[PDB]
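Residues per chain, in single letters:
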Amino acid sequence: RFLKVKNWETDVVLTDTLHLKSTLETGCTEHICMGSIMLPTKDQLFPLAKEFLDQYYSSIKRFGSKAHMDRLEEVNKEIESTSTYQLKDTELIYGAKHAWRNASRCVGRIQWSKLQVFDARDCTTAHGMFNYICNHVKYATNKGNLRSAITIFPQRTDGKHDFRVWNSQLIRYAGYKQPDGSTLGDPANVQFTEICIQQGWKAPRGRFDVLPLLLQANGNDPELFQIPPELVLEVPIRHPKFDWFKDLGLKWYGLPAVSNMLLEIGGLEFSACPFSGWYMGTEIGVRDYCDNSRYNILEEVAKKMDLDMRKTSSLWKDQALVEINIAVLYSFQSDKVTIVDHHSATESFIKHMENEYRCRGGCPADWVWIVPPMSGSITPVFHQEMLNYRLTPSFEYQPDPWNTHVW
Amino acid sequence: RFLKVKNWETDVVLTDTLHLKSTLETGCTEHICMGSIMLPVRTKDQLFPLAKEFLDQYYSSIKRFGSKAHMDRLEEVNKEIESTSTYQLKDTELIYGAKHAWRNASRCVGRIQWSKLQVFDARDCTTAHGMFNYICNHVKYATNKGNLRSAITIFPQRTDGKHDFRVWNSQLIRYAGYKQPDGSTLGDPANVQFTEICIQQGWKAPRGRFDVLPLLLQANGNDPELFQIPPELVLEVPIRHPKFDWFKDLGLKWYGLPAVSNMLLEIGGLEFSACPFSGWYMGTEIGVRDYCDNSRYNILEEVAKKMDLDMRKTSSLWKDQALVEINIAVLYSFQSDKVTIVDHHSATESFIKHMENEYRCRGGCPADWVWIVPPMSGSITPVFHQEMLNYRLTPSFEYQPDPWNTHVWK
Ligand code: HEM
Ligand code: HEM
Ligand SMILES: C[C@H](O)[C@H](O)[C@H]1CNc2nc(N)[nH]c(=O)c2N1
Ligand SMILES: C[C@H](O)[C@H](O)[C@H]1CNc2nc(N)[nH]c(=O)c2N1
Ligand SMILES: C=CC/[NH+]=C(/N)NCCC[C@H](N)C(=O)O
Ligand SMILES: C=CC/[NH+]=C(/N)NCCC[C@H](N)C(=O)O
Ligand SMILES: [Zn+2]
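Thresholds applied
Residues numbered from 1 in each chain as written, not as in the entry; some residues may be left out. Chains lettered and ligands numbered in written order. Heavy atoms only, no water. Near = heavy atom within 4 Å. Polar contact = N/O pair within 3.5 Å; in protein donor to acceptor, adjacent residues only side chain to side chain. Areas by Shrake-Rupley, 256 points an atom, 1.4 Å probe, with all protein chains shown as cover. Helix = DSSP H or I, 4+ residues; strand = E, 2+ residues; numbered from the N terminus. Nonpolar A, V, L, I, M, F, W, Y, C, P; charged D, E, K, R; others polar. Donors = N, O, S within 2.8 Å, 3.2 Å for Na, K, Ca; no water. Buried < 20%, exposed > 50% of the residue type's maximum accessible area, 1.4 Å probe, protein only. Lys, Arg positive; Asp, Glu negative; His and termini not counted. Salt bridge = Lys/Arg side-chain N within 4 Å of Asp/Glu carboxyl O. Contact = heavy atoms within 4.5 Å. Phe/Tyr/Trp six-rings, centres within 6.5 Å; stacked < 30°, edge-to-face > 60°. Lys NZ or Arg CZ within 6 Å of the ring centre and 35° of its normal. Patch = residues over 30% accessible without salt bridge, like charges linked within 9 Å, V, L, I, M, F, W, Y side chains within 5 Å. Domains from an automatic or database assignment. Buried area = accessible area lost by both parts, 1.4 Å probe.

- Structure determination for the deposited model, as stated in its record, used X-ray crystallography, and the stated resolution is 2.55 Å.

Right under this line is the structure:
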């Protein structure tokens with residue numbers, strides 16, 4: 001099978017054959033596309049394991065070898081008597097780097113292979129989980145020069161001894177809903193912040209309060225911990241020309257670390273696998289700062305810019321939005337903290353994508369997510385057609401822990 | 001069957017039941033999504049069900065489903081197809097279909113105006129000159145001295161596919177593109193090929209930067225012909241900035257009437273290969289794509305340079321900065337000349353409203369997110385945060401091969 005993909009800005013056409021190895025569903029059918037929808041056992045386990053192992057050995061150029069077969073049999077036997085199996089270190093690294101390589105919503109996959117993997121499978125407690133996480137945060141932050149990483153905790157067994165990190169990200173500001181009706185801090189975390197207070201945390205009720213980690217180990221009740229403040233690198237936001245900007249009182253954290261997702265390798269599930277890399281400007285300046293549902297800072301910034309906010313046709317929101325992002329990129333670069341803008345990031349992804357086609361025969365990509373939330377059509381990925389499909393190993397969403405935990 | 005669509009900025013949830021009446025394919029499977037792909041002679045036995053389908057709709061809409069009138073027509077059409085292999089739509093039905101083809105345009109963010117559409121029955125047309133007259137009347141009614149009106153002119157429906165009527169230009173009004181030996185491209189790159197066909201056909205290009213192309217009309221399947229739209233009929237707008245008095249010196253202007261002319265309109269199985277339609281522009285179309293697309297007028301460098309911004313490193317966002325101003329200029333100029341135009345903020349907000357309405361009244365509103373969301377400031381418009389369901393419903397506007405790649409010259 002061959003599927004064509006054209007870039008209408010360079011006319012370059014690529015052929016996709018990788019989609020043939022697609023396994024899971026998309027949510028779409030022949031009668032309806034759901035492209036813009038946020039989120040649509042022993043016998044089960046062995047095929048998946050086999051599939052994975054074949055992939056691995058095929059990648060190392062030992063497909064069929066005795067080694068291959070031995071492992072193939074070893075795993076089989078193991079699943080036969082234990083109802084599961086453990087991944088050799090090498091396969092875990094591959095498994096992880098590849099779940100990334102397949103993240104159809106990640107624009108920065110050009111860096112997929114350069115990933116630091118921390119095997120946290122020997123962990124057994126929340127305190128243990130806390131030591132690991134602290135080590136991960138430190139390695140990755142690296143004094144401003146970020147490095148990609150992921151710490152993987154014990155894999156699921158019976159689902160009743162699940163390891164979970166209740167935060168959505170290792171680092172995020174608390175959200176407090178006032179009687180006033182408004183919301184202080186990050187609206188997006190209002191619920192979680194509540195659960196922290198409810199568990200004991202003592203909220204400083206500030207605008208940018210670094211939430212506490214709520215770690216759950218072996219299925220037991222989650223415990224709270226405070227990331228060592230000296231480990232949380234933050235950048236104060238200032239404009240390269242608006243000296244009044246700094247008076248906005250804006251700051252953000254430099255380490256983006258998604259922690260609420262689930263990593264699947266060879267049929268195995270890792271309900272706790274925090275991973276970090278680095279930010280693309282717009283993430284903070286466009287979505288976090290300007291989304292109506294977040295810090296919603298357009299009004300202010302505009303006012304302080306003295307623009308005709310009387311009529312929408314003045315594009316005051318557009319003018320402000322560009323300035324707010326200049327500031328973000330400016331700040332980070334000035335404090336020498338890693339960060340990439342939407343122009344570089346997207347250009348990169350195009351090269352990567354081009355490489356992925358020649359080397360792998362494709363690159364699953366979710367356009368709705370790859371294209372930045374600003375200046376869309378002036379980034380090359382806008383004019384780039386993309387095919388979306390799911391490949392394992394993979395990163396998946398999973399129910400919020402509080403909505404499923406048997407206390 | 002019920003499908004839920006959520007808006008993550010308001011938490012509003014809508015239920016789609018209209019997708020159930022979806023007919024055609026999307027290009028998507030359960031295994032692969034092609035949402036971001038540009039574009040993934042009927043028999044007589046195929047025709048009737050379609051006609052029946054259509055007629056049932058039409059009548060169900062006027063609250064006359066099953067009536068005698070309903071049945072007679074159903075029988076009348078069946079009989080006609082039986083003896084002629086096709087069938088003429090009654091005036092009332094043609095209007096219904098056109099309005100609904102637009103109503104179903106999943107890629108249209110301006111569908112809130114779907115019902116307010118002027119239909120021009122050009123089915124009695126028979127020659128290129130004839131089409132020329134018709135198109136002039138359409139341009140004039142539509143422009144309306146600057147206060148634009150939606151309209152569509154419908155020419156003879158296809159029959160044997162050898163007597164097709166076609167409008168070769170993609171939009172009734174468009175600037176010519178000329179490729180120079182230099183390697184560069186003068187005017188609109190997007191039209192280079194079509195411009196050539198025009199010159200090759202007899203047109204005498206002024207070889208300027210904003211030359212209004214000539215119409216190339218094909219009637220009854222005969223070779224296309226040339227015509228110049230009456231200048232006094234082509235309303236144009238010179239672009240200038242509300243604060244940059246050096247802007248005007250950029251030498252930019254654009255036509256006020258956006259009028260697509262290369263699509264095909266399907267009503268009750270019948271195919272209309274020539275059905276030019278026009279409405280009005282959303283700023284970003286000109287301001288972002290036509291001016292700033294790399295493969296278009298590519299004016300970012302200039303606007304940036306004259307704005308004197310740091311173009312050394314991308315992280316200074318000079319492009320983002322220049323673009324906004326350029327869009328400011330387009331909206332400004334158009335408002336100054338009292339030429340209808342809408343900004344991406346107003347248009348998208350309206351669409352959300354129209355979309356919600358459509359769910360309550362119709363039970364869905366097929367929409368292509370990849371196309372609805374503006375090419376700039378994407379997330380600060382409501383539609384970005386809006387989930388959408390894409391599916392095809394007829395009547396409809398479809399794409400069709402370029403006529404120069406299919407015509408059997410005489
Ligand atoms: C090197 C720096 C990286 C950059 C610049 C980058 C950039 C992005 C961006 C812009 C998003 C969308 C974020 C959002 O809108 O919420 C994203 C999502 C994603 N990235 Fe990357 N990424 C990087 C590293 C990583 C790493 C290290 C992994 C995996 C090991 C990865 C996995 C993902 C996943 C799972 C998603 C989708 C999350 C979701 O569905 O919400 N990324 N990335
Ligand atoms: C009232 C003014 C209107 C506005 C502001 C509006 C706006 C839009 C915009 C912004 C696009 C995308 C353009 C592009 O990116 O190339 C579009 C596409 C579309 N609109 Fe509208 N529209 C209007 C009137 C109409 C009318 C009157 C019809 C039909 C009678 C219609 C049918 C469609 C169709 C068929 C498409 C997709 C065309 C394609 O696939 O290339 N629109 N509209
Ligand atoms: C409704 C729509 O799916 C939603 O707004 C999506 C669109 N694209 C996105 N793209 C990225 N990168 N991140 C997001 O959170 C979203 N939100
Ligand atoms: C490749 C991708 O499908 C293509 O660039 C699409 C995206 N969205 C669009 N949206 C609109 N309105 N118009 C376009 O031409 C496009 N181009
Ligand atoms: C964990 C590394 C992924 N890299 C990222 N740049 N972002 C992940 C999501 C971050 C989220 N969009 C935010 O603004 O906080
Ligand atoms: C014909 C009416 C459709 N309404 C529109 N606003 N646009 C149609 C496409 C015009 C195209 N985007 C352009 O810039 O030339
Ligand atoms: Zn799809």
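Here the narrative resumes.
**Structural notes on the site of ligand 6**
Residue and element names in this part refer to chain B.
Piece 1. Around ligand 6, the neighbouring residues are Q171, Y255, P258, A259, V260, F277, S278, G279, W280, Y281, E285 and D290.
Piece 2. Here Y255 contributes a side-chain N or O atom positioned 3.3 Å from an oxygen atom of ligand 6.
Piece 3. Between a nitrogen atom of ligand 6 and a main-chain N or O atom of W280, the distance comes to 3.0 Å.
Piece 4. Across the complex, the protein chains shield 76% of the 420 Å² of accessible surface that ligand 6 would expose by itself.
Piece 5. Those elements giving two or more residues to the shell around ligand 6 turn out to be strand 12 (259-260), strand 15 (277-278) and helix 6 (283-290).
Piece 6. Taken together, the residues of the shell around ligand 6 sort by class into seven nonpolar, three polar and two charged.

**Section: the coordination of the iron atom of ligand 2**
Piece 1. Exactly one protein atom donates to the iron atom of ligand 2; that atom is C108 of chain B (SG), 2.2 Å from the metal.
Piece 2. The topology assignment puts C108 of chain B in the loop between helix 3 (91-103) and strand 3 (118-121).

**Some details on the side chain of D16 of chain A**
Residue and element names in this part refer to chain A.
Piece 1. Along the polypeptide, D16 turns up in strand 2 (residues 13-16).
Piece 2. It is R1 that comes nearest to the buried, bridge-free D16 among opposite-charge side chains, at 9.2 Å.
Piece 3. At 3.4 Å, the side chain of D16 and the backbone nitrogen of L18 are in polar contact.
Piece 4. Within polar-contact distance, the side chain of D16 engages the side chain of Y389 at 2.9 Å.
Piece 5. With near-sequence residues (within four places) excluded, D16 lies in contact with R1, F2, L3, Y357, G361, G362, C363, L387 and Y389.

**Brief notes about the packing of aromatic side chains**
Piece 1. Applying the stated criterion across every chain yields a total of 45 aromatic pairs over all chains.
Piece 2. Measuring from ring centre to ring centre gives 5.0 Å for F208 of chain A and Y295 of chain A, while their planes differ by 25 degrees; the resulting arrangement is stacked. Of this pair, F208 of chain A sits in the loop between helix 5 (190-198) and strand 8 (213-216) while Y295 of chain A sits in the loop between helix 6 (281-290) and helix 7 (298-303), and the two are 87 residues apart along the sequence. An identical accessibility class is assigned to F208 of chain A and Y295 of chain A; each is buried.
Piece 3. On the basis of an interplanar angle of 25 degrees and a centroid distance of 5.4 Å, the ring pair of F242 of chain A and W244 of chain A is categorised as stacked.
Piece 4. Overall, the relative accessible area of 24% leaves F242 of chain A in the partly exposed class.
Piece 5. Among the aromatic residues, ring-to-ring pairing joins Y173, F208, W252, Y253, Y279, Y289 and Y295 of chain A into one connected group.
Piece 6. Taking NZ or CZ as reference, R147 of chain A lies 3.6 Å from the ring centre of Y139 of chain A, over its face.
Piece 7. Lying across the ring of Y141 of chain B, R149 of chain B places its NZ or CZ 3.7 Å from the centre.

**A short note on the pattern of salt bridges**
Residue and element names in this part refer to chain B.
Piece 1. Inspection of the entire model under this criterion finds 43 salt bridges over all chains.
Piece 2. When the shortest N-O distance is used, the salt bridge between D91 and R123 registers 3.4 Å. Of this pair, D91 sits in helix 3 while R123 sits in the loop between strand 3 and helix 4 (128-143); the two residues are 32 residues apart in sequence, bridging distant segments of the chain.
Piece 3. Note on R123: relative accessible area 18%, which makes it buried.
Piece 4. For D368, the salt bridge goes to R107, with nearest N and O atoms at 3.4 Å. Taken together, the residues span a long stretch of sequence, with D368 in the loop between helix 9 (344-362) and helix 10 (369-372) and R107 in the loop between helix 3 and strand 3 at a distance of 261 residues.
Piece 5. Taking the relative accessible area as the measure of exposure, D368 reaches 6% and is therefore buried.

**Some details on a nonpolar patch on the surface**
Piece 1. Side chains of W8 of chain A together with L39, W371 and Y399 of chain B sit close together on the surface and give an oily, nonpolar patch of about 400 Å² of accessible area.
Piece 2. Relative to the assigned elements, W371 of chain B resides in helix 10.

**A word on the domain arrangement of chain A**
A common way to report how large an interface is uses the accessible area buried once the components associate.
All names here are of chain A.
Piece 1. The domain architecture assigned to chain A consists of domain 1 (16-121 + 148-158 + 262-276 + 346-370), domain 2 (122-147 + 162-233 + 397-401) and domain 3 (234-256 + 279-344).
Piece 2. Averaged C-alpha coordinates put domain 2 and domain 3 at centres separated by 24 Å.
Piece 3. Contacts between the two partners involve 19 residues from domain 2, matched on the other side by 19 residues from domain 3.
Piece 4. When domain 2 packs against domain 3, the two sides together hide about 1700 Å² of surface, and 54% of this comes from carbon and sulfur.
Piece 5. Interface area lost by domain 2 to domain 3 is led by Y173, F208 and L233, which between them contribute 35%.
Piece 6. Across the domain 2-domain 3 interface, the total number found is one salt bridge.

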